[PDB]
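*Asks:* Starting from these lines, generate the structure:
(3 chains, ligands or ions: 3)
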Amino acid sequence: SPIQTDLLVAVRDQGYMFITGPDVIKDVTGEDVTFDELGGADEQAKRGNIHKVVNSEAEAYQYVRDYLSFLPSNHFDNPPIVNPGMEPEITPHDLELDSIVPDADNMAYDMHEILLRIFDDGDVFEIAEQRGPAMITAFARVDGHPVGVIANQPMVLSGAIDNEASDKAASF
Amino acid sequence: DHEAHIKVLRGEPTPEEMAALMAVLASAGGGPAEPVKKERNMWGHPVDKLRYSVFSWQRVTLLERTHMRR
Amino acid sequence: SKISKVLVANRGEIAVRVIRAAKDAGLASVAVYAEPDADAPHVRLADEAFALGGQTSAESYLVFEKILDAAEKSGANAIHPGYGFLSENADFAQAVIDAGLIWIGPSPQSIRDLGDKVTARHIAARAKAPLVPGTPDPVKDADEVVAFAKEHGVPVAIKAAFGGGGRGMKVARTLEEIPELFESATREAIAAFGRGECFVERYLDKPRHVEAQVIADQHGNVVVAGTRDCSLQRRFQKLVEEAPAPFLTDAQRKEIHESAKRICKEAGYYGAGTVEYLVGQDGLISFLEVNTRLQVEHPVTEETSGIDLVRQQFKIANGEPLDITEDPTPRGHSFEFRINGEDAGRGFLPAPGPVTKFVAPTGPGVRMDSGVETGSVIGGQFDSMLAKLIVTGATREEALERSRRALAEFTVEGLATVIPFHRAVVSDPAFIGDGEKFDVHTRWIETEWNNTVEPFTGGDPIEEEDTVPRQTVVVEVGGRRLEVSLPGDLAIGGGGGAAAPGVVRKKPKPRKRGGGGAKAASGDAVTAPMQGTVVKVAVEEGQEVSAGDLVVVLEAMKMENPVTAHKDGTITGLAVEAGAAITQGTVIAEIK
Ligand SMILES: Nc1ncnc2c1ncn2[C@@H]1O[C@H](COP(=O)(O)OP(=O)(O)OP(=O)(O)O)[C@@H](O)[C@H]1O
Ligand SMILES: *C(=O)CCCC[C@@H]1SC[C@@H]2NC(=O)N[C@@H]21
Ligand SMILES: [Mg+2]
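*Replies:* Numbers count the residues shown, from 1 in each chain, chains lettered A, B, ... in the order given. Ligands and ions are numbered 1, 2, ... in the order given. Coordinates below:
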């Protein structure tokens, strides 16, 4: 049932996910494996089965509230509009972007330095941060309107699109 | 308190002048200003007057969505 | 030979100043600009301009070949270095002279002699200037420093023999700190200046900084244009300066004047320069150093004595004798305030940004020497100064009143500045004084001033109410003019409204990292926290490091910022070398 849902948020050392347990695995195939290896929160996040790993259930609830604040109630309704019309003229934050990209081609940089300046504010809400770290999938707002953001992350593996990055982008 | 208030950026009015200014502004207020009373009435909506190809994707993305938005 | 065309080997307000002086004198002006200064005011003000190229100072303005090639291609026959950069480089002065050009400044030998602080102390002692007790030669080991400190009693100070800019001085309160402080000073001097030599002297508890402007002649004449007080310092760099030096006995004033003349004559100094002293709370004067260039503070002396010091430099370089035969009598009192791009609400940390608005005061007794204008951009490469505001009056009180007015008028937007601090100090009682003394000193700002300045935020909306659009309208209520700011969703008189269709308002989030507790530990990358230039790489590929260990040093606004490891592990993927320009968010290395 969970795998069919759109978002999966797990508590770090408390939530696990696996078809078969390590004892049954040992009985049938003889392999020795712990829970963390066989479906810890972070392992599943890196494999893509989990979208978010938190440290506590309160953090999970807050992540859910933030996630829902970008979305409509259903396929037909409109999403909430939050703080429309801020800063309608070029700002120093906009002018910082003219010199953000490194001069040399081989240099990596953090794409968040651009994502935190090209939208309404620093409310870039990232989803599945761990799955494909070369790709960034997030929510943001343009003039108060939610938008999805698919960005490359040069800071990680030169921003090359790998298997997990491709699937993360497609699902998003 | 996070309400957006009226600011007198420059000048220092006396209480009588402030009273006069606020009275004039309140009178100039916009009245009901688009109340929530609006009711839905889809009778004769333009989307229903359009010809749609029997396989038009706009039957989903324009017609169905217009009839379903709330 | 006589100056016919002057190349100003500098930038900003000083470049504009020298260009204006040359225009007054009737000479032609050549400007040299780096790529970041492609449209600075001096470039357009000069008769002609040449592009040195490059972005950093170390590759544009500090290159003898580039400056001399600009001189050759422009046909200039004199070079004026301004201040900073090469203005105190004896080798550059010698190269300029060898190229057959008129070096507008002191001789290379004078520069070397007065730059070597121990040699400077020897010259001062020979000239019989007042000196604070201290070892006349560099110490050998911490034992010598401890012997001096035990003899003379703490407090004490250890100073590098070639240090400058306020970095080369360290302080010892107790005998226990002497060895570690000496070792630290030695290593810092070795790293920064090459000459790993230092000496020790007594440390004044709350000194005043008093200096004398000297016009010196190639024919041996010397005149003291007047004194200045620059006690208001931030990091051993001045912020507010006065002329003449206030609240000094005639004995002190005469001693400063005479010792300055004697020092210049002993050193063989010619051209404009300054002699800097220290006045302790006990009233004793001590010789501190000699600046061998036109000093940033010269405008106050110009205003109070009526001397054009840049044109005096031109005349001395042309070799004529001084037209001034006796020390001028000061008239009035002048204050100078530096408009730095520094935020007083953030520890005076400089930051770049656009100058979206720059409206300087005018009117009685106000002079503005600015290298900035509306639409200019301050990058991360060069010093943080934007302009200098000079306010003059018939007396100190009138000057202070005019300063209050002018600072109230002065407006700058787009980036932070020290105008809020100037506005506060010009009315702080500790600076006004009691008519016979005043309480400030060289460490007053950082340790005694009540810092009430709020951090700069610009127009960024921070609170929920800041998001609401507003419109400002002029109203009149019985004649009285008012400016009223009205929100776009205001509801008054039982009516009104806007943004009905499902609009929500909440506190906007800062354009900063998500604020996770990991403090960037979620990744392996070390990222440059600001735009700057890598000046030192403290690690090497494959080097294992621990959290807090230094990784690189980034220079921004000519100030150094260390970037340190955020996690333990092996340094890998080093992508930076000394001298490389780096942008914010650039990956320096990965601690894997
Ligand atoms: N012996 C001392 N006792 C107390 N304070 C001192 C002493 N020596 C220096 N200082 C303080 O430290 C500052 C250091 O100034 P100093 O002229 O020595 O360096 P600088 O301006 O960096 O040099 P330069 O002009 O040669 O580049 C002095 O202005 C004064 O504020
Ligand atoms: C680049 O900006 C050159 C240095 C400009 C500042 C110079 S440094 C030495 C002088 N002392 C000071 O406080 N400003 C001057
Ligand atoms: Mg000095």
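*Asks:* which residue does chain A bring closest to chain B?
*Replies:* Going by Cβ to the nearest Cβ, chain B is nearest to residue A:76 of chain A, at 4.2 Å. In this view, the C-beta of every residue, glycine as well, is placed from N, C-alpha and C.
*Asks:* any idea how far that residue lies from residue B:69?
*Replies:* Plainly put, residue A:76 is 6 Å away from residue B:69 if you go by Cβ to Cβ, to the nearest Å.
*Asks:* Quick check: chain neighbours aside, which residue is closest to the residue nearest to the spatial centre of chain B?
*Replies:* Central residue of chain B (Cα atoms, centre = their mean): residue B:34, 5.5 Å from the mean position. The shortest distance from residue B:34 to any non-neighbouring residue, by Cβ to Cβ, 6 or more residues apart in numbering or on different chains, is to residue C:500 (5.2 Å).
*Asks:* What's the local residue count around the one you found?
*Replies:* 12 (other Cβ atoms under 10 Å in any protein chain shown).
*Asks:* and if you look at residue C:29?
*Replies:* Neighbours of residue C:29 using other Cβ under 10 Å come to 24.
*Asks:* Export the helix or strand harbouring residue C:72 to PDB, keeping only CA atoms.
*Replies:* According to DSSP states H and E, residue C:72 maps onto helix C:64-74. Taking C-alpha atoms only, helix C:64-74 is exported to PDB below (Å, rounded to 0.1, in the frame of the first residue of the first chain):
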ATOM      1  CA  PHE C  64      54.800  46.900 -12.700                       C
ATOM      2  CA  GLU C  65      54.800  45.800 -16.300                       C
ATOM      3  CA  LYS C  66      51.200  46.600 -16.900                       C
ATOM      4  CA  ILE C  67      51.400  50.000 -15.300                       C
ATOM      5  CA  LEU C  68      54.600  51.000 -17.100                       C
ATOM      6  CA  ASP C  69      53.200  49.700 -20.400                       C
ATOM      7  CA  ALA C  70      50.100  51.900 -19.900                       C
ATOM      8  CA  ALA C  71      52.400  54.800 -19.300                       C
ATOM      9  CA  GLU C  72      54.400  54.100 -22.400                       C
ATOM     10  CA  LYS C  73      51.300  53.700 -24.600                       C
ATOM     11  CA  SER C  74      49.600  56.800 -23.200                       C
END
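*Asks:* Just to check, the residue nearest to the centre of chain B is in contact with residue C:497?
*Replies:* Yes - assessed by Cβ atoms under 8 Å, residue B:34 is found in contact with residue C:497 at 6.4 Å.
*Asks:* Can you give me the buried ones in stretch C:312-328?
*Replies:* Applying a neighbour-count criterion of 16 or more other Cβ atoms under 10 Å in any protein chain shown, one finds C:312-317, C:322, C:324, C:327-328 buried in stretch C:312-328.
*Asks:* hmm, which two among those are most spread apart?
*Replies:* In the buried residues of stretch C:312-328, two members sit farther apart than any others by Cβ to Cβ. They are C:317 and C:327, at 22.0 Å.
*Asks:* how about the residues of the stretch 251-400 of chain C near chain A?
*Replies:* C:353-354, C:356, C:377, C:379 (Cβ under 8 Å from any Cβ of the partner chain).
*Asks:* Tell me which two in these are the farthest apart.
*Replies:* C:356 and C:379 (15.3 Å).
*Asks:* Tell me how many other residues crowd residue C:294.
*Replies:* 26.
*Asks:* no no, residue C:159
*Replies:* Applying other Cβ under 10 Å, we find 21 residues neighbouring residue C:159.
*Asks:* residues touching residue C:519, list them.
*Replies:* residue C:566 (Cβ atoms under 8 Å, 6 or more residues apart in numbering or on different chains).
*Asks:* what sits against the residue in chain B that chain A sits nearest to?
*Replies:* Closest contact between chain B and chain A, by Cβ to the nearest Cβ, is at residue B:68 (4.2 Å). When contacts are counted by Cβ under 8 Å, 6+ apart, residue B:68 touches residue A:76.
*Asks:* All the strands of chain A, in order from the start?
*Replies:* For chain A, applying DSSP state E gives strands covering A:9-11, A:52-54, A:81-82, A:125-127, A:135-142, A:145-152.
*Asks:* Can you lay out those strands as TSV showing distance to residue C:525 and mean neighbour count?
*Replies:* What follows is the strands of chain A, written out as TSV (distance: least, Cβ to Cβ, whole Å; neighbours: other Cβ atoms under 10 Å in any protein chain shown):
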stretch	distance to residue C:525	mean neighbour count
strand A:9-11	25	19
strand A:52-54	20	21
strand A:81-82	31	19
strand A:125-127	16	19
strand A:135-142	14	21
strand A:145-152	15	16
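*Asks:* out of those strands, which comes closest to residue C:80?
*Replies:* strand A:145-152 (49.8 Å).
*Asks:* Which parts of chain B are strands?
*Replies:* B:7-10.
*Asks:* Same check on the stretch 351-500 of chain C?
*Replies:* C:353-354, C:357-359, C:366-370, C:377-378, C:385-393, C:411-413, C:470-477, C:480-487 (DSSP state E, counting those that start in this stretch).
*Asks:* Grab the CA positions of the longest helix anywhere in chain B and hand them over as PDB.
*Replies:* In chain B, assigned by DSSP state H, the helix with the most residues is helix B:15-28. The C-alpha coordinates for helix B:15-28 follow below in PDB (Å, rounded to 0.1, in the frame of the first residue of the first chain):
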ATOM      1  CA  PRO B  15      -5.100  64.700  16.700                       C
ATOM      2  CA  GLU B  16      -7.800  66.700  14.900                       C
ATOM      3  CA  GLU B  17      -5.900  66.400  11.600                       C
ATOM      4  CA  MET B  18      -5.500  62.700  12.100                       C
ATOM      5  CA  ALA B  19      -9.200  62.300  12.800                       C
ATOM      6  CA  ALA B  20     -10.100  64.200   9.600                       C
ATOM      7  CA  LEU B  21      -7.700  62.200   7.500                       C
ATOM      8  CA  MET B  22      -8.900  58.800   8.900                       C
ATOM      9  CA  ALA B  23     -12.600  59.800   8.500                       C
ATOM     10  CA  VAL B  24     -12.000  60.800   4.900                       C
ATOM     11  CA  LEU B  25     -10.100  57.500   4.200                       C
ATOM     12  CA  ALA B  26     -12.800  55.400   5.800                       C
ATOM     13  CA  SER B  27     -15.400  57.100   3.800                       C
ATOM     14  CA  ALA B  28     -13.300  56.500   0.700                       C
END
